[PDB]
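Please treat every number below as a calculation from the coordinates, not as lab data. No Cβ is skipped: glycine too gets one built from the backbone with ideal geometry, and neighbour counts run over all protein chains shown.
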Amino acid sequence: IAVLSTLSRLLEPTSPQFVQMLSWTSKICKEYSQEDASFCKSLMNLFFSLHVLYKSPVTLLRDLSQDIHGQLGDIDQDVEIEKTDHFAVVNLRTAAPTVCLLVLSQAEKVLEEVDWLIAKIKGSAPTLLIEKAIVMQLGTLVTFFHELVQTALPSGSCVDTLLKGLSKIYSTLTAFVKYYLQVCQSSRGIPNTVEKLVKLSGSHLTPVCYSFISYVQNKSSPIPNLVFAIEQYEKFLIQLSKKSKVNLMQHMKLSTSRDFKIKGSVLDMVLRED
């Protein structure tokens with residue numbers, strides 16, 4: 001495999017040849033298992049190294065994150081899951097330590113890019129198009145994270161590397177929100193794309209994080225870092241909601257924020273009855 005990588009550096013990334021190499025490395029990841037860790041890691045790197053120069057891995061990560069999630073099981077101790085057909089790599093022995101960290105590492109690279117982009121846009125007092133891209137990217141690997149946060153991971157390094165990645169996505173999200181705090185001062189309206197995948201975090205992410213976070217301390221008997229990144233994320237939605245147009249934060253706390261209840265209201269007492 002070390003030869004195959006050295007040789008595939010010579011392929012023109014645009015070439016019909018390059019495509020073959022990639023699609024074949026997909027086939028090999030697709031149809032074979034081999035619980036030996038050192039290999040599957042190298043195979044995965046090959047695959048990713050090529051994929052990265054074609055289209056962004058976010059789709060692949062989401063796919064693998066569903067195998068890792070399906071094979072190792074869930075936190076609830078009972079939920080039914082699996083999808084094998086994604087990739088034949090990721091066995092029991094494969095995914096738990098190995099594909100897990102390798103997938104996280106890859107996810108962190110995708111975020112450094114989105115970080116880079118968000119950084120680039122703000123640097124400017126064609127651009128709107130980069131914004132829609134930043135979203136789908138984030139949105140996709142939001143589903144990716146939603147998958148591992150439901151997985152029962154080997155506790156040693158896979159718990160903490162997930163927690164690292166988990167707080168990195170919230171930083172990126174935070175700055176993207178902090179980005180629109182710049183753009184909303186001039187005009188102030190929020191693209192559905194942003195509103196929708198802002199509530200994507202309030203449904204598939206934040207609530208799922210919190211239960212993984214408590215699963216970590218019950219299984220036991222980084223963590224405080226995730227918490228911080230989260231609060232700050234909400235903090236700047238708070239600033240963005242009142243400082244642009246829409247209420248973003250009613251997408252996020254859907255449980256506690258409407259709880260304490262009192263019969264009817266003053267509005268209903270007067271307007272309707274007598």
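Selection among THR174, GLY123, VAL135 by position relative to the dipole of region 108-179 gives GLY123 as farthest towards the positive end (Cβ unit charges, Cα centre). Cross-link candidates for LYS30: which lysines have Cα within less than 19 Å, leaving aside residues fewer than 8 places away along the same chain? The reachable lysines, counting only those whose Cα sits under 19 Å from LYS30, are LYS41, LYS55, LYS83. Seen from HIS51, the other residues with C-beta closer than 15 Å to its C-beta sum to a net charge of +4, counting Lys and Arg as +1 and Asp and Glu as -1. For region 1-93, the list of trypsin sites (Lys or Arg not before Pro) that fall in a loop by DSSP and count at most 15 other C-beta atoms within 10 angstrom reads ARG9, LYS55, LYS83. Put the Cα centre of region 192-241 next to the Cα centre of region 99-176 and the gap is 13 Å.
Note on region 202-274: with charges restricted to the Cβ of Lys and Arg (+1) and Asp and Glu (-1), its dipole about the Cα centre is near 180 debye. Each of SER15, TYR32, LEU53 was placed along the dipole of region 1-84 (beta-carbon charges, centred on the mean Cα), and the one lying farthest toward the positive end is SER15. Once you have a ≥ b ≥ c as the square roots of the Cα gyration tensor eigenvalues for the chain, tell me rounded if a/c is under 1.5, and otherwise prolate or oblate according to whether a/b is larger than b/c. Note, shape of the chain comes out oblate. With bins 10 Å wide beginning at 0, the percent of Cα pairs of region 183-263 falling in each bin runs 15, 41, 29, 13, 2, 0. The Cα atoms of region 1-139 define a convex hull whose projected area, averaged across directions, is 10.5 nm². Adding -39500 (n - 2.57) for every DSSP H run of four residues or longer, then dividing by how many residues the chain holds, sets the calculated 222 nm ellipticity at -21000 deg cm²/dmol.
For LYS196, a cut-off of 16 angstrom between C-alpha atoms picks up these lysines, skipping any fewer than 8 places away in its own chain: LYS132, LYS245, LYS253. With the Cα gyration tensor of region 134-246 giving a ≥ b ≥ c as the square roots of its eigenvalues, does the rule (a/c under 1.5 for rounded; else a/b larger than b/c for prolate; else oblate) give rounded, prolate or oblate? It is prolate, given that a/c is not under 1.5 and a/b is the larger ratio.
Under the simplified labelling scheme, the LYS109-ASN45 pair shows an inter-label distance of 1.0 nm, with each label point 7 Å from Cα along Cα→Cβ.
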